[PDB]
Amino acid sequence: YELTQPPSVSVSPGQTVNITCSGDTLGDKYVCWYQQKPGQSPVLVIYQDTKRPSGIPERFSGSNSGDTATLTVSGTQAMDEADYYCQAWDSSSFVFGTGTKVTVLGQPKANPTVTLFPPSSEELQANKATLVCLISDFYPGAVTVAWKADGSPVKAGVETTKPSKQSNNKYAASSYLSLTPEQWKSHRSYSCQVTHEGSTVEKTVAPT
Amino acid sequence: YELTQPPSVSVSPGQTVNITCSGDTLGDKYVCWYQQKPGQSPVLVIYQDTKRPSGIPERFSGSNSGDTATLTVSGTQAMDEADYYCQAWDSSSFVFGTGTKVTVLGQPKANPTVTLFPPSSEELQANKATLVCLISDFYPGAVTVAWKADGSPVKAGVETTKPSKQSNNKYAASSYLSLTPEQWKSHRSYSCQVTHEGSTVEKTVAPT
Amino acid sequence: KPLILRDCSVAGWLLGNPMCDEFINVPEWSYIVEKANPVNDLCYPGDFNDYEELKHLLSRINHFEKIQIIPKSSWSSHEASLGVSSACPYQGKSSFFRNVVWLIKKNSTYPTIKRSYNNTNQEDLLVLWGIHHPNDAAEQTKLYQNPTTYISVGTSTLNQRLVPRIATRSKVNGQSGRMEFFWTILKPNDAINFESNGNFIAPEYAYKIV
Amino acid sequence: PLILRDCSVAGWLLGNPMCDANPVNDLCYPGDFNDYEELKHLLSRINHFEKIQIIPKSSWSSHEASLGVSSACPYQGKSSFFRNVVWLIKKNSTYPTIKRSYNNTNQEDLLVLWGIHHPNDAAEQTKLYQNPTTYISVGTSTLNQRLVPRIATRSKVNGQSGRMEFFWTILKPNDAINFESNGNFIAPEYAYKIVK
Amino acid sequence: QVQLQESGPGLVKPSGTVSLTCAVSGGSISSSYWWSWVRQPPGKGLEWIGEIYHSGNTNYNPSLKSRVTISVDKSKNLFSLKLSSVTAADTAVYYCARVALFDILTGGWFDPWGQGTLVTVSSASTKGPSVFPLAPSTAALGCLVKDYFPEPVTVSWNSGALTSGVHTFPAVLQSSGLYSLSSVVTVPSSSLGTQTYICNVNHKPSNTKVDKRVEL
Amino acid sequence: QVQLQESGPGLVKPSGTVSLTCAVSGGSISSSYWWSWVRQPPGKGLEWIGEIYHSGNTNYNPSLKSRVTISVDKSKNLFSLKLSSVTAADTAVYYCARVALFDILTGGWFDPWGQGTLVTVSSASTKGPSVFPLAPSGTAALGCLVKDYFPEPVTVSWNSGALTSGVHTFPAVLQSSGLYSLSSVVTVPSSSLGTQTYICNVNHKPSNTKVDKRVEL
Ligand SMILES: *[C@@H]1O[C@H](CO[C@@H]2O[C@@H](C)[C@@H](O)[C@@H](O)[C@@H]2O)[C@@H](O[C@@H]2O[C@H](CO)[C@@H](O)[C@H](O)[C@H]2NC(C)=O)[C@H](O)[C@H]1NC(C)=O
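The listed protein sequences correspond, in order, to chains U, P, A, Z, Y and W. Count the first sequence with this note's numbering and you get residues 19 to 226, in order. Count the second sequence with this note's numbering and you get residues 19 to 226, in order. Count the third sequence with this note's numbering and you get residues 6 to 215, in order. Count the fourth sequence with this note's numbering and you get residues 131 to 326, in order. Count the fifth sequence with this note's numbering and you get residues 8 to 223, in order. Count the sixth sequence with this note's numbering and you get residues 346 to 562, in order.
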């Protein structure tokens, strides 16, 4: 059983934000919601679809219908910026959603700049090959990176960092594709696709 | 349960017209009748076989026996020209008749002229193929259009407009047979049969 | 154990008035009595012949039991479920007394009914039946097809022939017609005979008494 | 003879999970048992008592017959319900109208039990049965019952702010019991053969 | 007098759900009446969908029973319709009506009706029309205005100069979800070679203006 | 108020066993609650491991059932977790939590959670990094790749601290080998390429690594 969430959502301070959670016949199950801030433990904000624990502000509310559960935060505040998870139960297993990052907009939106480096000639001599994709100067700090080899998706050998705040307060991230010299020459093209706020930017390198 | 009605009837002004409704063992059921004018809601004229609602003129009457119910309108007027439906109940379901269009003859009978257009040379290049059958200058405004491919009936891809009044007050209607360029060339002939007042007129086209 | 009625009258409960509010779990009773003033008597308006006598009779009774004597499905030439009225609603739709059957015409025909039930029990049977007095001639044809009709009920101690009085009457519970209900005590080994070509309200359930 | 300990008569008939005089537990999910005293009197003069299945739980192909459970009736640490009766709830986003009838073709009287759930609030009514306004119709040749669920928040008994009302009747041989409901129906699966 | 009023989304995408509500004024939902939904596709017959009683009791059309739901809100004095998994065949005008029982026998009559509301089932979005010539072999010629969305399209001939013998047919909704119509003009055969004919198609929703000359 | 507290090693060699214990305060284990373990790898989602009741009854995640065990000590008011045959994929923050049943329906909610504890699964030891040039192809971007070092941190400067503008040093990444890696980039005008020399200064004190690399064109 899978609970699907959007990876990230944005909301201006004072506005209302929606967090969705999808699963098969979710409307028959009771859903719960947890808030997690960086470096802290999850906090129950909504249990049993619509119920609030004591000490939880009234602006938090939840609902469930069909195959989609929704956490709603009205009059959102800066302290509400966190990761949010939904959870349900199915066949002797508790299931957590993939998680949604909620950003309260405190600065203008910035597009990411993408730089892709092919393996250096020196690394190839050491019988190694690492593709480096650098992502910087973007807001909010949410990003999806996808690697492509000859137009086909790549999962093996991909390692990616979590977005981190720069000095300017604009987030940055990096992604590495580790290959062998043989694998590197095997394909004719490689791509580093970076998705940020519905916009996808890619860079390309070719083995010569 | 099916309730069958005649598709159309004609009647001179001042004369009496009868509208029949047929179904299995209809004589045991109470039948109701509704008047509907174009773009308006149905209007109850007869309920419980013979009863008239308040505001309904006395010249309207109904009867039921055997397997056929009859709506009767004596001294018909121009304001009585409308569609009429019968209605009954059977096995937890309400059932409406197929409907009868009652035309009060306000002008001489006119035969329809039928023109069938093959797909245009421009449309075929746009990877489309539409046969257009145009029917015009006929009275009363009642028509049955049937499409044939190599003499065989066609229902799929058929769309037909309801008869509409021209400037001269003679009704017109149109029917479309939508095909793919492949489907169009597959057969050697296509036909548009038009039935009006017991008389059938047809036109034929062939891909050349 | 005694049967104390609430809201529903004796006639209403015996006939099986849908509108009767009563929870009832034990089908074994000694006797049956109604409240001094019943809220609903008959859902379809009409009269109950020898009502006072019947109520008195069902008071001093040692055992009261309900039994099915003529199954509704046994009417193979007539329609036993379609006949209903808005005066006796059930779950929003038209219905009828549960314990008696409102027979109406099947197709364009209402064949003459010849049915007889013999009391093979060891107890006296309380059998109820009725006649429908329709609104007008048009309704007579609509329900029973035949214009001039009759109901014949015979036992060893009873000889009855009924003719429906067709007349428009004031609307009670939305009905301009009426129904007249009759009853007799069928002794063990005695049989009751029914004959009708229309307007017959036939029994389905009777009551064993001691 | 069957001498019961700790569990009540109502508890044993319904199938209280912890159950298998003064009873510690009457109903695990809080509520009432109508005509309880009368039932006990009836179950006194019995020569033979036997349990029978009249409506298989698997026969509910359009409704959910196992998911509905409460913490008030625990079993092995997890939520459960009365064994002999079925807590029907919505399957997917739908609760189709129930029209079910069982006819007693045995030679003995049948003790049939059923119930209605009075949910905590409106939000719970929709969650369990989907349909907002609902009813239960129970009919025999001698019985006519129509129930409407009373939606109200009540004091927590066994952790529940809702209640259940249970009913019973004696189904005579050749007599049939009919059920109709679009929600809040706690349906019988097992009935009891009794002999005077 | 009792009045009934339908309202809801007039455009619904395929596999989606038609969601309608019927407001009742001048009377109470809590009556001996039943409340029903009836639909009618353009230029076709009436079809009973289902009904509901204030107690919650419902009855549906068996052919629709799989994907239909009817509920009632006594507090707001309305009842509603839900039709899921919709197709092009579900494009119709939807009526709500009040149903009254006969004094004797099953069934009832529908009075009064609501004004009705059109629900279009199409996955289409704003699109400009293609225009093709309907060339003649008196004679008849016209223009075919195909695959546009949504309504309406206005067609004139020679910039409004040619109006006699001109008939512009109603639009039809194809199974693809795109509308189509034609505009024809009947003319004498001898005039064909000596006269030029130009149709002027206009589709405001997409701001499309197409002029097409019909040749021989 | 009920408080839960995780405790355990935090460093585990591959093929070894992660052994954690959860102390329960403010409440008794012998309750109607269930007691659960949940883990989260860095920058990833929550994953349910399993649960236990005070009677000893358990339920596990089917994907972990092969190598996971959960026990409970009613007397010491704690419950514990054993995860054997561990890999780099088992490096995560582990939470213990209290689970309460809904009044109606299956399932439950998690409250309260423990503070959590990090368990690192890596056979890695102190290792020096390799340094490779990231040559460029209006401005241009060039950098240095600092690969396969342990442990943190690594500092990178450019032209011995003379060049600080346009310099961005990215955070480290934890590879599946258990070894860190990062990059340091600097954006410079394209025209200056060839008329200017750029040198990155990688330093990894734990291995006494001082590497200067000139990024060519
Ligand atoms: C967030 O979503 C709500 C939607 O409200 C409903 O609840 C959801 C859980 C889901 O079931 C939706 O399908 C529901 O519509 C938005 O608020 C609604 O907006 C609609 C207009 O589309 C309006 O008709 C409703 O009245 C609104 N309801 C409320 C309570 O405000 C809201 O706009 C969404 N916010 C964002 C930022 O997308």
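By construction, the Cβ of each residue, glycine as well, lies at the ideal position given by its N, Cα and C atoms.
Check: Comparing C-alpha positions only, which one of P:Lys119, P:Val163, P:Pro181 sits nearest to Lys173 (chain P)?; Outcome: P:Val163
Check: From the DSSP output, which residues share a beta bridge with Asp129 (chain A)?; Outcome: A:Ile214
Check: Just list the alpha helix (DSSP H) runs in the stretch 179-222 of chain U, keeping only unbroken ones of 4 residues or longer that don't cross its boundaries, in chain order.; Outcome: 199-204
Check: Let me confirm a value: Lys119 (chain P) is counted as buried when at least 16 other C-beta atoms fall within 10 Å, else exposed. Which label applies?; Outcome: buried
Check: For the stretch 54-84 of chain Y, enumerate the residues whose C-beta is nearer than 7 angstroms to any C-beta of chain A, in chain order.; Outcome: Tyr60, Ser62, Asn64
Check: Please tell me whether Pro498 (chain W) has its Cβ less than 7 angstroms away from any Cβ of chain U.; Outcome: no
Check: Taking its Cβ as the centre, do 16 or more other Cβ atoms sit within 10 Å of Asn402 (chain W), making it buried, or is it exposed?; Outcome: exposed
Check: Under the DSSP definition of a beta bridge, which residues are partnered with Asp162 (chain Z)?; Outcome: Z:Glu295
Check: Three or more C-beta pairs under 8 angstroms: does that hold for the stretch 87-97 of chain U against the stretch 468-484 of chain W?; Outcome: no
Check: Using the Cβ count rule (16 or more neighbours within 10 Å means buried), how would you classify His61 (chain A)?; Outcome: exposed
Check: Work out the CA separation of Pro24 (chain U) and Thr38 (chain U) for me, nearest whole Å.; Outcome: 7 angstroms
Check: Which residues in the same chain have their Cβ closer than 8 angstroms to the Cβ of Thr264 (chain Z), if we skip the five residues on either side of it in sequence?; Outcome: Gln255, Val278, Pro279, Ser311, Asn312, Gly313, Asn314
Check: Comparing C-alpha positions only, which one of U:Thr116, U:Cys151, U:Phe112 sits nearest to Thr131 (chain U)?; Outcome: U:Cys151
Check: Within its chain, find whatever has a CB closer than 7 angstroms to the CB of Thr193 (chain Y); leave out the 5 residues flanking it on each side and keep chain order.; Outcome: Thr145, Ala147, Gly172
Check: Shorter than 6 angstroms, the distance from the beta carbon of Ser91 (chain Y) to the closest heavy atom of ligand 1, or not?; Outcome: no
Check: Would you say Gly453 (chain W) and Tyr440 (chain W) are within 7 angstroms of each other, going by their C-beta atoms?; Outcome: no
Check: Alpha carbon to alpha carbon, how far is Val45 (chain Y) from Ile36 (chain Y)?; Outcome: 18 angstroms
Check: Between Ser204 (chain U) and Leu195 (chain U), what straight-line distance do the alpha-carbon atoms span, to the nearest angstrom?; Outcome: 15 angstroms
Check: Quick one: is the Cβ of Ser522 (chain W) within less than 6 angstroms of any heavy atom of ligand 3?; Outcome: Absence of ligand 3 from the depicted structure is noted, with ligand 1 being the only ligands included.
Check: Quick check: what's the CA-CA separation for residue 580 (chain W) versus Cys545 (chain W)?; Outcome: Residue 580 (chain W) cannot be examined here, being either before or after the span of chain W that is shown, 346 to 562.
Check: For chain A, is any of its Cβ atoms less than 7 angstroms away from the one on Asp118 (chain Y)?; Outcome: no
Check: Consider the C-beta atom of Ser14 (chain Y) and the heavy atoms of ligand 1; say whether any pair is separated by less than 6 angstroms.; Outcome: no
Check: Contact defined as beta carbons within less than 8 angstroms: I believe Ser381 (chain W) pairs with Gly395 (chain W). What is the distance between those atoms, to the nearest angstrom?; Outcome: 7 angstroms
Check: Is any heavy atom of ligand 1 found at a distance shorter than 6 angstroms from the C-beta of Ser26 (chain U)?; Outcome: no
Check: Across the stretch 234-246 of chain Z and the stretch 212-225 of chain Z, are there enough close Cβ pairs to call them in contact, namely three or more that are closer than 8 angstroms?; Outcome: yes
Check: By the 10 Å Cβ neighbour count, where 16 or more other Cβ atoms means buried, how is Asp129 (chain A) classified, buried or exposed?; Outcome: buried
Check: In the DSSP assignment, what are the bridge partners of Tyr52 (chain P)?; Outcome: P:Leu62, P:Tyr103
Check: If we cut at 7 angstroms on Cβ distances, does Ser91 (chain A) have a partner in chain B?; Outcome: The question asks about chain B, but that chain is absent: this structure's protein chains are U, P, A, Z, Y and W.
Check: Does the distance from the CB of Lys558 (chain W) to the CB of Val476 (chain W) come in under 7 angstroms?; Outcome: yes
Check: If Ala321 (chain Z) sits next to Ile184 (chain Z), beta carbons under 8 angstroms apart, how far is it from one beta carbon to the other, in whole angstroms?; Outcome: 5 angstroms
Check: Since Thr121 (chain U) and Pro181 (chain U) are thought to touch, with beta carbons under 8 angstroms apart, how far apart are those beta carbons, to the nearest angstrom?; Outcome: Their Cβ separation, rounded to whole angstroms, is 10 angstroms, which puts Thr121 (chain U) and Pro181 (chain U) out of contact at 8 angstroms.
Check: From Z:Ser271, Z:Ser191, Z:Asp165, Z:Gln206, pick the residue whose C-alpha is nearest to that of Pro226 (chain Z); which is it?; Outcome: Z:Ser191
Check: Please check if any C-beta of chain P sits within less than 7 angstroms of the C-beta of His210 (chain Y).; Outcome: no
Check: Would the beta-carbon of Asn36 (chain U) be found less than 6 angstroms away from any heavy atom of ligand 1?; Outcome: yes
Check: Report yes if the C-beta of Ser40 (chain U) is less than 6 angstroms from at least one heavy atom of ligand 1; otherwise report no.; Outcome: no
Check: Classify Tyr205 (chain Z) as buried or exposed, calling it buried when 16 or more other Cβ atoms lie within 10 Å of its own Cβ.; Outcome: exposed
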